[PDB]
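Asks: Questions regarding the structure given below will be posed in turn.
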Amino acid sequence: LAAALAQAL
Ligand SMILES: *C(=O)c1ccc(-c2ccc(C(=O)OCC)cn2)nc1
Ligand SMILES: *NNC(=O)c1ccc(-c2ccc(C(N)=O)cn2)nc1
Ligand SMILES: CCc1ccccc1
Ligand SMILES: CCc1ccccc1
Ligand SMILES: CCc1ccccc1
Ligand SMILES: CCc1ccccc1
C-alpha cells in the first residue's frame, strides 16, 4: 500500500 502511493514521488 505505501509503495502504491510512494510511486508519485
Ligand atoms: C503497497 O503498496 C505494498 C505493500 C507491500 C508490497 C510488497 C511487495 C513485495 C514484497 C516482497 O517481495 O516480499 C518478500 C518477502 C512484500 N511486500 N508491495 C506493495
Ligand atoms: N516517486 N518515485 C520516483 O520518482 C522514482 C523512484 C525510484 C526510481 C527507480 C528507478 C530505477 C531503479 C533501479 N533501476 O533500480 C530504482 N528506482 N525511479 C523513480
Ligand atoms: C487497496 C489499496 C492497496 C494498494 C496496494 C496494496 C494494498 C492495498
Ligand atoms: C506494489 C506494486 C503494485 C501496485 C499495484 C498493483 C500491483 C502491484
Ligand atoms: C500522481 C498519480 C498517482 C495517483 C494515485 C496514487 C499514486 C500516484
Ligand atoms: C514504487 C513501487 C511500485 C512498483 C510498481 C507499481 C507501483 C509502485
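Ligands are numbered from 1 in the order shown, residues from 1 within each chain, and chains are lettered A, B, ... in the order they appear in the C-alpha cells.
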Residues contacting ligand 6 - anything with an atom at most 8 Å away, using only C-alpha atoms and all ligand atoms - can you give me those as a PDB file with C-alpha atoms, in the first residue's frame?
Replies:
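Result file part03.pdb:
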```pdb
ATOM      1  CA  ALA A   3       4.510   1.778  -2.281  1.00  0.00           C
ATOM      2  CA  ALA A   4       1.319   2.250  -4.312  1.00  0.00           C
ATOM      3  CA  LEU A   5       1.320   5.876  -3.118  1.00  0.00           C
ATOM      4  CA  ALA A   6       5.087   6.408  -2.984  1.00  0.00           C
ATOM      5  CA  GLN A   7       5.369   5.946  -6.765  1.00  0.00           C
TER       6      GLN A   7
END
```
Asks: Mind giving me the straight-line distance from CA of residue 2 (chain A) to atom 3 (C, counted along the ligand's line) of ligand 2 in Å, one decimal?
Replies: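 Between CA of residue 2 (chain A) and atom 3 (C, counted along the ligand's line) of ligand 2 the gap is 13.2 Å.
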Asks: Enter the distance from CA of residue 8 (chain A) to atom 8 (C, counted along the ligand's line) of ligand 2, in Å, rounded to one decimal.
Replies: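 Separation between CA of residue 8 (chain A) and atom 8 (C, counted along the ligand's line) of ligand 2: 10.2 Å.
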Asks: Could you pull out all residues of chain A with a DSSP call of helix (DSSP H, G or I) and give them as a list in words?
Replies: residues 2, 3, 4, 5 and 6 of chain A
Asks: Those residues you just picked out, can you put them in a file as a PDB file, in the first residue's frame with N, CA and C atoms?
Replies:
```
ATOM      1  N   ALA A   2       1.841   1.359   0.922  1.00  0.00           N
ATOM      2  CA  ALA A   2       2.692   2.542   1.000  1.00  0.00           C
ATOM      3  C   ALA A   2       3.337   2.765  -0.393  1.00  0.00           C
ATOM      4  N   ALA A   3       3.847   1.684  -0.983  1.00  0.00           N
ATOM      5  CA  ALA A   3       4.510   1.778  -2.281  1.00  0.00           C
ATOM      6  C   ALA A   3       3.582   2.290  -3.378  1.00  0.00           C
ATOM      7  N   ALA A   4       2.328   1.853  -3.332  1.00  0.00           N
ATOM      8  CA  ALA A   4       1.319   2.250  -4.312  1.00  0.00           C
ATOM      9  C   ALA A   4       1.214   3.785  -4.373  1.00  0.00           C
ATOM     10  N   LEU A   5       1.333   4.416  -3.198  1.00  0.00           N
ATOM     11  CA  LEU A   5       1.320   5.876  -3.118  1.00  0.00           C
ATOM     12  C   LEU A   5       2.666   6.486  -3.471  1.00  0.00           C
ATOM     13  N   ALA A   6       3.726   5.880  -2.923  1.00  0.00           N
ATOM     14  CA  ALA A   6       5.087   6.408  -2.984  1.00  0.00           C
ATOM     15  C   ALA A   6       5.551   6.564  -4.437  1.00  0.00           C
TER      16      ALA A   6
END
```
Asks: What does the distance between CA of residue 9 (chain A) and atom 10 (C, counted along the ligand's line) of ligand 1 come to in Å, to one decimal place?
Replies: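 Between CA of residue 9 (chain A) and atom 10 (C, counted along the ligand's line) of ligand 1 the gap is 18.9 Å.
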